[PDB]
Structure formats: structure tokens, C-alpha cells
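Working notes, structure below.
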Amino acid sequence: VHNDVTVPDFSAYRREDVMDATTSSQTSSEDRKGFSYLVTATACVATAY
Amino acid sequence: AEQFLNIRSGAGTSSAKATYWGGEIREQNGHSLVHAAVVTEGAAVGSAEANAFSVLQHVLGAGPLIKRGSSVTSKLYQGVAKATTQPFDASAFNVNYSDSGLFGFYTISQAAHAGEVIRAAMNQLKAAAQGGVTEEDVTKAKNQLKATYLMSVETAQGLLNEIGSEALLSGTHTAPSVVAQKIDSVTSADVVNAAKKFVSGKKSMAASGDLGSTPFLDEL
Amino acid sequence: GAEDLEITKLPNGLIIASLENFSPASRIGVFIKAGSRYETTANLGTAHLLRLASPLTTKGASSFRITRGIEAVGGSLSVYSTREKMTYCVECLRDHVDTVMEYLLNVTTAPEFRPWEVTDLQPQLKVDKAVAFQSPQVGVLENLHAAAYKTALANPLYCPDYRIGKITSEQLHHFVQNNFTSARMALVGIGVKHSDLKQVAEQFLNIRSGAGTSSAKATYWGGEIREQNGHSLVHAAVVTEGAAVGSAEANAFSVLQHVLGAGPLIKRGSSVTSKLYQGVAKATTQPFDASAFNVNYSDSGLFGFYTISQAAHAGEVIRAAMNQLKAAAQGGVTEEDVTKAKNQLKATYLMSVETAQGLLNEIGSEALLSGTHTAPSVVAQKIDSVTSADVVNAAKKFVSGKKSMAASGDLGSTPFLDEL
Amino acid sequence: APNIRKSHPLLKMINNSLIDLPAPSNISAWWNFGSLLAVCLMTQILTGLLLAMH
Amino acid sequence: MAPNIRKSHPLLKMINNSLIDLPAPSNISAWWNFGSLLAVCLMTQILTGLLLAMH
Amino acid sequence: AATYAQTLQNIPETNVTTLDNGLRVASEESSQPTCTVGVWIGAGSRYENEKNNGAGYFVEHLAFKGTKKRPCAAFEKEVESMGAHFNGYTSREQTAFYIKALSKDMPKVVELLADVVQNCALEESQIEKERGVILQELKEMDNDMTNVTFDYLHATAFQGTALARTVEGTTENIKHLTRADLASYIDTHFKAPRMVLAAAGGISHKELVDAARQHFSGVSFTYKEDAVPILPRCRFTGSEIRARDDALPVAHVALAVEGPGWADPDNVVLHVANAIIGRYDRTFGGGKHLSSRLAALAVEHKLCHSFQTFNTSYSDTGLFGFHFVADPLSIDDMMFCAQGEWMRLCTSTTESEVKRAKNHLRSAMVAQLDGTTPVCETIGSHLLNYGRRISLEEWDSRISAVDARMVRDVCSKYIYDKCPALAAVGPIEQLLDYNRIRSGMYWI
Amino acid sequence: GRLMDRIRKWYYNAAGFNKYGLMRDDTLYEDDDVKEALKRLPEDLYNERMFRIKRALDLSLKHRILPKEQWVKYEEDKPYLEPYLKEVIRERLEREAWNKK
Ligand code: HEM
Ligand code: HEM
């Protein structure tokens with residue numbers, strides 16, 4: 001039955017800030033996206049050059 | 001058959017006895033034509049009471065012998081004819097099974113007239129169950145039956161069917177003259193009695209079409 | 001605030017009920033004497049299709065404006081109907097009554113049933129009917145009324161298959177013109193002042209007086225319809241002609257109902273106060289359910305029990321439900337069981353009216369098949385005024401009368417009406 | 001599919017635009033210039049190449 | 001016609017069914033990168049080539 | 001006659017009086033002969049741990065199988081015989097046992113309640129029966145896709161935390177849970193400070209609180225006893241879980257972002273927002289004329305069999321999203337259109353849309369107080385969640401302050417560019433890539 | 001007035017679709033409104049328009065016309081679709097207007 005189903009542990013891959021199960025991931029969200037998006041934005045600048 | 005056949009011996013699973021219910025099943029489907037069949041427990045196969053019905057069958061009438069023709073030799077038909085004005089068809093229904101059978105009539109007719117038509121087919125059965133059978137009607141039928149039987153075996157198919165049927169539910173072959181001797185050896189009474197058994201027994205009815213004007217088994 | 005329940009009765013016979021409970025919401029309705037009961041083999045289903053057709057264009061409002069307009073104020077609009085009554089109601093906040101009313105009036109009195117709109121809609125009957133039949137509960141009930149009768153009530157509540165797509169704008173029009181007549185309709189209305197609901201019914205409700213088509217008397221057949229379909233669970237319903245609406249014998253059955261047991265009051269609980277249940281419980285070992293079935297119609301009624309059970313045990317289960325009815329018809333009823341039931345019934349009745357829905361239903365039901373409102377204390381006086389005998393007699397009438405049975409599932413071990 | 005004129009990834013394209021393609025029964029001569037324009041084009045390219053080689 | 005114009009449009013539909021909504025094995029390696037390179041490579045040749053042919 | 005504005009003020013107020021043992025008693029007195037009273041407890045699977053998961057459910061199954069002062073047969077018979085209805089439930093963060101009877105029995109009812117929450121029999125023989133029954137309900141509920149789906153949505157949206165567990169618990173837990181554990185659970189969670197006696201119908205607040213004092217005794221000694229425990233927070237994770245089975249007739253998909261939690265005012269706007277998107281289902285007669293754009297599209301393009309928006313709240317968090325049911329080959333277009341509507345919410349809402357959305361939402365809140373049980377459910381919950389009752393008069397004041405500009409700001413704040421949690425069950429091959437879905441979270 | 005009530009009869013013959021046995025409404029360009037309108041036509045009016053049209057097409061491929069006797073006469077031309085088409089547009093305009101509101 002579906003009650004016996006649980007998501008495996010993604011510790012091995014989670015980023016540092018969303019590693020602790022008792023802490024809101026929202027606080028660190030703007031950070032995690034602003035970084036990935038910063039990389040991307042840079043790629044554009046480099047390509048636009 | 002011998003040095004070849006192998007799934008064998010015994011009679012395995014045995015069919016449960018044929019209990020009789022006597023229900024009435026109706027099917028409203030819109031069809032301009034209503035089909036109806038009212039029957040009662042008939043006779044089993046290999047039974048003496050069989051021939052009797054088969055005969056009452058031909059007497060009441062079962063199947064035309066003249067293309068686009070009217071059936072005078074058919075009381076049931078002729079009866080219903082007088083009853084309605086529009087097209088229809090009515091016949092003597094008869095099935096013989098190992099441990100039971102079914103007998104009665106089957107009628108096709110315009111929805112609005114299945115009422116008068118089914119009644120007619122009934123009255124013509126009560127009327128026949130009350131000695132309404134000439135000693136000649138019994139003679140005519142007996143011929144129609146022996147003919148029908150004899151013709152039904154010209155076919156490679158019909159023949160093998162006939163032969164095999166016996167060889168299975170018997171183990172022998174009743175000569176054609178014997179089946180003839182069995183058929184005409186049916187009194188004018190056996191017939192009327194058969195008819196009785198019908199007007200008395202518990203009837204079960206099946207009907208399908210625009211049944212809006214079709215009667216229920218308990219209204220016959 | 002807290003008072004009254006006026007109820008005028010206009011020239012043409014149009015009854016108008018009303019009651020202000022100052023609820024932040026109104027709920028107006030149009031009750032009518034119409035249903036699959038007035039259907040003839042020639043126009044079957046036209047009742048059903050008429051039900052789904054509520055949102056189609058009307059002379060006053062369009063298919064578009066009806067739905068948009070109502071939703072614009074957080075309104076609603078539905079059509080509930082039995083085999084003999086159709087209700088068209090709408091809910092909304094107090095301040096939008098007048099607005100939502102337009103479409104209500106328009107829908108029930110001025111439909112147009114445009115050929116195309118009607119053609120595009122019919123395929124819906126196939127769907128609508130498909131979700132309903134998801135509950136076997138609804139399958140045997142259809143086939144019951146078919147074995148319990150020869151007409152009117154014998155007519156199915158959901159358009160038969162062969163007729164999907166074959167209904168016509170005519171049939172709908174005629175059906176409406178022959179039944180939605182002022183002398184068969186009632187305009188009830190919780191959450192509003194009587195003068196207002198009255199003024200509405202007046203200047204607007206056009207389709208006037210008449211009684212039009214009259215339903216053919218409810219003949220009783222007493223047939224048995226079986227449906228072998230493989231389901232691991234067999235549903236069975238055995239009944240007899242019972243009481244009719246407004247019958248003196250009605251209150252008697254309703255009581256024998258609760259006595260035999262009809263519906264649990266404790267979640268996942270056993271019903272001890274249910275003889276029928278308790279009886280069948282002792283009979284089988286595996287899961288099941290059994291209840292007292294009771295329907296009250298204008299010119300007739302149905303009464304008996306309904307049972308759900310594992311195929312292989314429907315035999316022992318149905319018998320049990322029977323014996324417990326014979327046993328009850330032979331004085332197997334304590335003077336206390338009659339007391340308990342009477343309470344369960346008064347409670348049930350009283351709870352059934354907390355709902356804006358349940359209330360309007362109650363009020364309107366009377367205002368249509370009567371023209372008055374039986375005070376709650378009066379209905380209570382009528383209920384406990386039922387002897388321990390009336391009950392046992394009701395029971396008898398059942399063990400004696402001609403029974404009609406409907407069952408569907410793996411009926412391999414299910415008994416025939418004549419083996420009970 | 002039965003005939004290779006409909007199944008084949010290429011013939012299928014040739015078929016749905018030059019063989020089994022649905023056309024009005026009444027188009028006149030004014031509808032002949034499309035193909036001409038096309039043919040005309042293939043001709044220019046062909047003669048043009050031949051000229052470009054010199 | 002269809003909800004999103006990426007599937008209905010006679011042209012975008014073609015771009016979509018071959019570069020966006022096109023089904024690809026989840027495990028193709030780098031050896032499957034040469035197709036696009038070949039293609040890109042070809043556009044580059046034509047582009048530089050024309051620029052050279054003009055002189 | 002009277003206006004909506006006024007009918008809203010003349011609504012009898014809700015009385016709340018705390019006892020000494022910490023229990024709170026509240027009720028709304030009507031003119032009705034019938035009534036409903038019960039106890040709403042701040043307990044649930046969220047309060048469970050990995051080894052007692054499902055105890056609170058196992059308890060709900062025994063709660064009615066008799067107490068010590070009066071065993072099974074007696075209990076049931078006593079309740080039935082008075083025409084009263086006993087029912088209750090248990091979610092992730094809230095349990096409840098309530099009764100429907102005549103305002104007359106109001107006091108005798110209260111005694112029964114108190115007897116259940118305080119004196120559950122927990123008959124060793126009964127436990128071995130409900131164990132078999134619960135195991136049955138699990139196999140049944142397993143066939144209800146909509147719940148298998150929402151369970152999975154939690155199982156991942158809150159993966160690795162308490163909110164990740166199902167209310168019915170696990171198979172193991174149920175096969176081994178003990179009289180001890182059940183006992184413990186009850187003694188650990190069912191306690192006055194964490195309970196609320198709610199009543200609605202024809203009842204004297206004073207008669208209620210009186211009968212209350214008399215039956216709810218258990219007076220705490222230490223401070224620990226009358227302290228309401230704060231729960232460890234649950235972390236939301238953008239992610240998906242795909243339970244595929246092409247053998248199922250239709251597919252279910254649910255997508256959601258993290259919610260604000262009971263206390264946040266924004267929840268009002270969020271609900272106004274879901275009002276704009278709404279819900280659909282093949283039987284809605286309004287058809288292609290429905291005001292809900294997604295519903296119209298759903299109709300026009302035969303996008304689904306049904307769909308619903310939702311704003312499931314919790315103490316400290318919540319789930320804001322949607323769930324639709326479709327045929328294997330229309331999953332993508334539906335998802336596409338849906339996410340599309342969310343983007344519209346953040347970028348181009350119209351006053352017309354909010355105006356209507358508000359009227360819908362009003363009629364909605366009102367429809368939640370249509371009966372004694374539903375008004376009691378509200379009271380039990382409000383106290384438990386907001387620490388007080390919120391009158392329709394209030395809800396309406398807040399709802400009326402909401403406008404386009406506002407809806408856009410809120411939705412953007414909770415939806416725009418977020419990494420959602422996705423749960424998919426059935427023949428879901430056509431719905432694909434978390435990446436593609438994530439990208440549907442931005443640019444209108 | 002009955003002034004252009006002549007001009008019309010003039011133009012009607014000027015055009016000449018009636019030489020093909022087509023009704024005025026038969027020659028309408030099938031845009032969106034006209035397409036919906038046609039879906040509402042009763043079975044019989046629909047098949048009649050269909051034959052008329054297919055007939056005209058056959059005449060066009062053949063480069064012929066109908067004998068003068070068979071030409072539709074100005075006063076006998078059936079505006080069979082105009083009624084439906086007019087409503088279809090109103091309905092539309094209702095919606096269009098309501099969605100701005
Ligand atoms: C759309 C198709 C084409 C058009 C409209 C076209 C037209 C012309 C025109 C206007 C001339 C001037 C001829 C004269 O009066 O002397 C010309 C010259 C020329 N075209 Fe094209 N041409 C076409 C395609 C091509 C192509 C595809 C090639 C070969 C790749 C080509 C190669 C030439 C050459 C070599 C000349 C110079 C020789 C001459 O003057 O006849 N053309 N073309
Ligand atoms: C498949 C694409 C092509 C390949 C593989 C290719 C290859 C070459 C090669 C091998 C050379 C010799 C370069 C050197 O070593 O000097 C060359 C020369 C040349 N190609 Fe291409 N070429 C391609 C396309 C084009 C195109 C499309 C044009 C323009 C229509 C073009 C115009 C020229 C010109 C003008 C030269 C002479 C200038 C030079 O020697 O660099 N090429 N190309």
C-alpha cells in the first residue's frame with residue numbers, strides 16, 4: 001500500500017542550506033536561485049561579448 | 001477414433017438438474033416490432049409426451065409452407081389473423097432438452113397491437129386445450145411432421161446431425177419407419193392434454209420492443 | 001429576529017411559501033409536480049434531459065448570461081428531482097436575490113430548447129448517467145421500481161440508453177407546457193420577506209393555471225429482476241407496497257423502519273438498536289450491511305429491506321433479514337423498541353432541517369402536496385401517537401403482501417423471491 | 001500500411017502534395033501559374049549554373 | 001485550434017517536434033554530440049564561405 | 001428586507017471560557033431544538049513519531065468501542081437509544097470526536113464525550129480486531145487515487161519530516177502497535193490545554209460550561225502538564241514523485257508551493273486567488289461559459305475529468321496548489337494551461353476577476369456554517385488555530401479589502417519562480433520533466 | 001424607400017450567381033460566424049444548400065451555366081441563413097461586450 005512509501009534520503013546531494021529537516025528552505029531560497037541565475041546571467045554577458 | 005483419441009474416460013462434471021423458475025423478463029428498447037414468447041415446462045427428449053407436443057405444435061401451426069402465403073392449417077396463425085389487422089407472425093414454440101423442455105408460442109407484431117395479438121394466441125391455446133381439435137387436424141399435423149422430419153435429412157448436414165444426435169443420447173438408430181410409427185400413434189387426446197398442461201402450468205414470458213401496450217404474464 | 005412562516009396561494013393556484021431567518025444568505029426555489037412518472041414509452045428520458053437542460057438559452061436570458069450572470073455574484077443554480085417532483089433552486093447572498101431570480105424565473109417558465117443547443121447537450125446524458133451508476137446502490141433502485149410497478153413509478157430516473165439523442169425540442173416543450181403549470185408549482189423561499197417573494201411570483205410567473213397531463217395510477221406488479229454482473233458484492237432489495245405520502249399508515253412504517261434499523265449513528269460502530277442488522281450479524285460472519293427501506297409516493301409506496309453482502313453469503317444474509325421481519329410481524333416488538341425508534345425518528349427529522357437545503361426542501365414539500373405547514377410539534381404528536389400494534393401490523397402487511405425483488409452482483413448463491 | 005506511397009517517409013510527402021492531394025474540381029487556368037512559377041525557377045537555376053561555369 | 005501555439009502552428013510545430021518536445025534517450029553520451037556539431041559546422045562553412053566568395 | 005451587512009452583525013456571538021485545567025469551552029447558541037457538541041483536539045499524525053505512526057488513528061477506531069465506566073454494548077446502546085449521532089476524525093494536525101443530539105441531552109452528551117477522551121477502554125481483545133479492520137481500510141483507501149496522490153504530495157513536499165507521514169500510518173506500525181502505545185498516545189496528547197469543547201445549536205453557554213466543570217476534572221500539578229508543546233518545523237522541498245501504472249484508466253497530478261500557515265493574513269488573498277481559478281468537473285452544466293478560464297479551456301479542449309485548487313493550511317506551514325484528473329493523452333496540455341493560470345494570477349489579474357472571486361468566496365464561508373455540526377467544526381478549529389473565533393463579519397471585512405493589485409503581489413510572493421512539489425500517479429508518461437514544469441513557474 | 005429597392009434587383013442580376021442556381025446566402029464567404037450559423041441549419045436546408053453548391057461547382061468546371069428558365073429570380077431568393085447568422089453575431093457581441101465589463 002501507498003502508506004508504506006517514503007522518499008529516499010537526498011542528503012548526499014542536497015545543498016548545504018536545505019540539509020537540515022527542521023529549517024525553512026524558503027529563507028535560503030533567494031540565495032540558491034540568485035547564484036545559479038547569476039552564473040547564467042554571466043554566461044549571457046560573455047556570449048553577448 | 002480408437003488408436004487416436006486420448007482425453008478420456010468417465011463423464012466428468014455433471015450438469016445440475018434443470019429447476020424451473022417461471023419468471024417474466026421484459027426489454028423496452030423502442031423497436032416498432034414487439035417479440036413475445038410465453039411458455040410452460042414442456043417435455044424432455046426421448047420422452048413419450050414429446051411426440052404429443054411436436055404434434056400439438058404443427059396443429060397450432062409452426063412455420064409457413066407457402067411463400068408469402070397465409071397458413072390456414074395453422075390455428076394459432078389463423079386465430080391471431082382474425083384478431084389483428086396489421087402485419088405480424090405467430091408460431092408454436094417447442095424445445096426438447098435432456099432433462100426438460102419448453103413449449104408455447106412466439107409472436108411478432110406492431111407494438112400497439114401486441115396486446116390483442118398475444119391474447120389471441122392464448123385463447124387459441126385454451127380453445128385447443130378444451131377439445132377444440134378435430135380428429136383430422138391431428139391427421140394433417142402428423143403428415144406435416146413426418147414430411148418436415150423426412151425433408152430435414154436430405155442435407156449432408158441434416159443427416160449427420162440426425163444420426164449423431166442418437167448415437168450420443170442413445171447409442172442406437174431408430175429406423176425412419178419406427179419414428180413414423182411413434183408419431184401417428186398419438187391420440188386426439190394426448191394433443192388436447194398437452195394443450196391443457198400449458199393452460200395450467202406456470203408460465204414464463206420473454207418480450208422485447210416498445211412494450212408500452214404489451215401485457216404482463218399475469219394479465220393472460 | 002425570529003418569527004412566522006407565511007404562505008399565500010395566488011389566483012391560479014400558485015403556492016408561495018416564505019420565512020425570514022435573517023441568514024446572511026437566501027435560497028429561493030421552484031418546486032414542481034413533474035418527473036419520470038409522467039413519461040410514456042414514447043418520451044422516456046425527456047424528464048432527465050430537461051434536468052440537464054437548465055443552463056440552455058431562455059427567452060429572457062442566454063446560455064451565456066445565465067451562467068456568467070449567476071457566477072458574477074457568487075450564486076449557484078441546481079435542479080434536484082425524484083420520480084415525481086422537480087426542484088429548481090438558486091442560492092446567493094441576501095443582496096443578490098433579485099439578480100439571481102431573473103434566471104430562475106427564466107429557466108423554469110421561458111425555456112427555448114433551441115434544436116442545436118439541445119442536440120449538443122444530449123450526449124451528456126451518457127456521461128451524467130455514467131457517474132450516477134458508479135454506485136450499485138443506484139442500479140438496483142432503478143430495477144426495483146421496475147419490478148415493483150407496471151407504470152408511472154416503474155419509469156426509470158435516468159434516461160434509458162436507446163433513447164439518448166432521440167429526445168426532441170418538441171418533447172421537452174410539450175413536457176414543460178403540460179406539467180410546469182401554476183397549479184402544480186410552488187415558489188418557496190428561505191432568507192426573504194414574504195411580500196417580496198410574492199410580488200415576484202405575480203408580475204412575472206407567466207405559464208398560468210392548469211393541471212395538464214395527469215399521471216396514470218400506480219399499478220403494482222410485484223416482479224423480480226436479477227442482474228448477474230460479476231461484482232464480488234451482491235445488493236438486494238425486497239419490498240412490498242407500503243404507505244403513500246400523507247397516509248395514516250406512513251408514520252407506522254417509518255417507525256417500523258427505525259425499529260428494524262435504518263442507518264448507523266456510531267462511526268464504524270455496530271447497531272444494537274437495529275434488529276435487522278443485529279439479526280443478520282448473528283447469521284453471517286463476513287462484512288455486510290442491511291437496512292430498513294422505506295419510500296413514500298403520492299399514490300403509493302415501497303417498504304422492505306436492502307442488503308449488501310459477499311456473494312457466497314447473500315443467501316444466509318437475506319433469509320436472516322426475512323426471519324427478522326416475520327419475527328417482528330408476530331409481536332416480536334417490545335413496547336420500548338417503539339419508544340426508542342420514535343426518538344431516533346424525531347431526532348433524525350429535526351436534524352434533517354439544520355441545512356439551508358434540508359429546510360427549504362421540508363417547507364416546499366408541504367406547500368406543494370398540501371398548501372400548509374404542519375408545525376414541528378404536530379408532526380411529533382403524529383409520530384409518538386403510534387401503537388405497538390400499528391408497528392407489528394405494518395410488519396405483517398409485509399410478510400403477507402406480494403413481494404418484488406431487485407438484486408445485482410454474483411447472484412450464484414442468491415435466492416429467488418419464491419424461496420423466501 | 002498497404003501501399004508504399006503512404007507509409008514511406010518521403011514518397012508520403014510527394015504523395016500528399018502531388019498525387020493524392022485534394023483539389024477543387026473547378027479551378028481554372030489562372031491556377032496554372034503556381035507550377036509554372038516553380039518550373040520556371042528550376043529552369044533559371046539550371047541555366048544559371050551552366051552560365052556561371054563560364 | 002490547440003492550447004499552445006507551439007503545437008498548432010504549421011512551422012513552430014516542426015521546430016517543436018525536432019528540437020524541444022522531441023523524445024530522446026536519457027542516456028546518450030558525448031558521442032551523440034557530433035550530429036549537432038556537424039550541423040553547426042555546416043552553417044559556419046557556408047557563412048564564412050559566402051563572405052570569402054564575395055572577394 | 002435586511003441587508004447582508006446587517007444579517008452579519010446580528011449573528012449571535014461565540015462565548016469562550018477557559019477552565020482551570022486549561023480546557024477551553026466555546027459555543028454559539030441558536031434557536032434550534034437539535035445541536036452538536038464535541039471536543040476538537042490539537043493532535044494528529046504530525047505529533048506522531050516513526051514508531052507510533054498511526055496510533056492516533058488506531059485510537060479513533062477504539063474511541064467508540066467503549067470506555068471503562070461502560071463497556072461496548074452499553075455505550076453504543078446508550079447512544080443509539082437517545083437518537084444521538086456519534087462521529088469524529090483525525091488528520092495530520094487535528095483530531096475530533098463530536099455528537100449530534102437534542103439540545104435537551106446537551107449535558108448527558110458532554111458526559112459521554114469526557115468519558116471517551118478521558119476513559120477509553122482499550123480492551124486488549126478489541127485491539128486485535130481493529131488491527132484487522134484498519135489493515136482492511138488501508139487496502140481500500142489504497143484504491144482511491146485522489147488520496148494516494150495527496151499523501152504522496154506530502155510524502156515529498158515535506159519529505160524527511162513529520163508532515164511527510166500518512167494519517168493512517170504504516171503497515172508495520174499497525175501490525176505491532178500496542179495497548180501500551182495507544183494508551184501512551186492518549187495520555188500524552190489528549191489533554192485539557194490542547195482540547196476545546198465546542199458546542200452549537202440550542203444550548204446555554206453557562207449550562208455547557210457547568211456540565212463541563214463537572215466532567216472534565218484532571219487538574220494539572222506541574223507546569224509541564226499545562227504547557228502546549230511547540231512542534232519542530234517541517235522543511236518544504238521542491239521535488240516530484242512519480243508512481244506510474246499505465247494499467248490505471250486515468251491519471252492524477254497534483255502540484256503545490258509552500259503555504260504561509262493558519263496565522264498569516266495572506267491566506268485570505270490566497271483563497272480569493274483560488275476563487276478566480278476555481279474548480280471543474282464534467283458534470284458542471286455551465287460548460288464552456290464558466291467564468292473560470294481554466295474550466296473553459298478544460299471544456300473547450302477536453303482537458304480533464306476534473307480539477308481543484310486548494311489552500312491547505314497548517315500551524316507553521318501549508319500547501320497551495322492544484323490537482324487534476326485526466327486521460328493519459330491530455331495530461332500535458334492541462335498542466336500547461338493550469339500553470340498558465342497561475343502565471344496570470346501573478347501578472348495580470350483584473351478587478352473584475354477579484355470582484356467575482358470575492359463573492360464566490362463569501363458564499364463559500366457562509367456555506368461552511370450551514371448546520372450545527374459545520375458551525376461547531378468552525379469553532380473547534382478557530383480556537384485551536386487562531387486562538388479565538390473569527391466572525392463572518394470579520395472574514396468579510398478582510399475579504400472586501402482584497403483587490404487585483406493585492407492578489408498579484410501575494411501570488412507573486414508565493415508562486416513566482418518557486419520550485420514546486422509534484423505528485424503524479426497513473427499512466428503519466430505524457431507529463432514530463434520536473435525541469436519543464438519548473439520553467440512553467442515564470443514569465444506569464 | 002422603394003428607390004434602391006430597384007437598384008438591388010439590378011445588382012442582384014448584375015452579380016449573376018443565380019445563373020448557377022445559387023441563393024444569395026449560398027455565396028457567403030465562410031468565416032467563423034457563417035460557419036457556426038451553418039451548423040444550426042436544419043438537416044433539410046443543409047442538404048439543399050449542399051447540392052446547390054456542388055451543382056454550381058460542376059457548372060464552373062464545365063464552363064456552363066443554367067438555362068435561363070432555371071435561374072433564381074430576385075423575388076424568389078431564399079435568405080435561408082440570414083436569420084441564424086444574425087443571432088450568432090448578436091450572441092458573439094453579447095459575449096465580447098460582457099468580457100470587457
Ligand atoms: C530566380 C532565378 C534567376 C533569375 C531571376 C536570374 C536572372 C538573371 C538576369 C536578370 C541576368 C542578366 C542576363 C542578361 O541579360 O545578360 C542573369 C545573369 C546571370 N545569371 Fe541569373 N538568374 C537567376 C538565377 C541564376 C542562378 C541560380 C545562377 C547560377 C548559380 C545564375 C547565374 C547567372 C549568370 C552566370 C549570369 C551572367 C551571365 C549572363 O549575363 O547571361 N542566375 N540572371
Ligand atoms: C561544406 C562546406 C564547405 C567546405 C567543406 C569548404 C571547404 C573549402 C576548402 C577545403 C577550401 C580551401 C581553403 C584554403 O585552404 O585556402 C575552400 C575555399 C573556398 N571556399 Fe569553401 N568550403 C565550404 C563551403 C563554402 C561555401 C558555401 C562558399 C561560399 C558559397 C565557399 C567559398 C569558398 C571560397 C571563396 C574559397 C576560396 C578562398 C580560399 O581559398 O580561402 N566555401 N573551401
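Labels used: A, B, ... for chains in the order of the C-alpha cells, numbers from 1 for residues in each chain, and numbers from 1 for ligands as shown.
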- Item | Within 9 Å of ligand 1 (only C-alpha atoms and all ligand atoms), residues as a count of residues only | 15
- Task: Would you kindly report the residues of chain B within 7 Å of chain C, using only C-alpha atoms, as a PyMOL selection string?
- Result: chain B and resi 29+210+212
- Task: Find the residue from F:326, F:295, F:138, F:303 that sits nearest to chain E; use only C-alpha atoms when measuring.
- Result: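 Counting only C-alpha atoms, the residue closest to chain E is F:303.
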- Task: Just need the residues of chain C within 8 Å of chain G, counting only C-alpha atoms, so spit them out as a list in words.
- Result: residues 64, 115 and 116 of chain C
- Query: Neighbours of residue B:68 within 12 Å (only C-alpha atoms; same-chain residues fewer than 4 positions away dropped), as a list in words?
  - Reply: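 Answer for this query is residues 63, 64, 87 and 89 of chain B.
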- Task: Please identify every polymer residue within 6 Å of ligand 2, using only C-alpha atoms and all ligand atoms, and present the set as a ChimeraX atom specification.
- Result: /E:42,45-46,49-50,52-53
For those residues, write C-alpha atoms to a file as a PDB file, in the first residue's frame.
ATOM      1  CA  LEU E  42      27.988  23.307 -41.884  1.00  0.00           C
ATOM      2  CA  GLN E  45      31.297  26.943 -43.518  1.00  0.00           C
ATOM      3  CA  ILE E  46      28.503  28.410 -45.626  1.00  0.00           C
ATOM      4  CA  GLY E  49      32.430  30.710 -47.386  1.00  0.00           C
ATOM      5  CA  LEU E  50      29.998  33.340 -48.691  1.00  0.00           C
ATOM      6  CA  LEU E  52      35.039  34.755 -48.884  1.00  0.00           C
ATOM      7  CA  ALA E  53      33.288  34.308 -52.204  1.00  0.00           C
TER       8      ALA E  53
END
- Would you mind listing what lies within 12 Å of residue C:325 as a PyMOL selection string, with only C-alpha atoms counted and same-chain residues fewer than 5 positions away left out? chain C and resi 238-239+256-257+259-261+274-277+279-280+291-292+303-305+318-320+330-333+391-400+420
- Message: Neighbouring residues of residue C:70 were defined as those with any atom within 7 Å, considering only C-alpha atoms; residues of the same chain fewer than 5 positions away were excluded. Please report them as a VMD selection string.
- Response: chain C and resid 75 to 76 100
Can those selected residues be exported to a file as a PDB file, in the first residue's frame so that it contains C-alpha atoms?
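Generated output (result01.pdb):
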ATOM      1  CA  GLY C  75     -24.523  32.453  -6.962  1.00  0.00           C
ATOM      2  CA  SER C  76     -25.468  28.851  -7.685  1.00  0.00           C
ATOM      3  CA  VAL C 100     -30.289  35.515  -9.416  1.00  0.00           C
TER       4      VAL C 100
END
- Item | Within 6 Å of chain F: residues of chain C, using only C-alpha atoms, as a PyMOL selection string | chain C and resi 22+24+64+67+72-74+94+265-267+340+343-344+347+354-355
- Item | Interatomic distance, atom CA of residue C:170 to atom CA of residue C:49 (Å, one decimal) |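 Between these atoms lies a distance of 12.4 Å.
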- Message: I'd like the interatomic distance between atom CA of residue C:10 and atom CA of residue C:180, to a tenth of an Å.
- Response: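 Atom-to-atom, atom CA of residue C:10 and atom CA of residue C:180 are spaced 15.8 Å apart.
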- How many Å separate atom CA of residue A:39 from atom CA of residue A:16?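 Answer for the atom CA of residue A:39 to atom CA of residue A:16 separation: 18.3 Å.
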- Enumerate the residues of stretch 26-86 of chain B with a DSSP assignment of alpha helix (DSSP H), computed from the backbone, and present them as a list in words. residues 48, 49, 50, 51, 52, 53, 54, 55, 56, 57, 58, 59, 60, 75, 76, 77, 78, 79, 80, 81, 82 and 83 of chain B
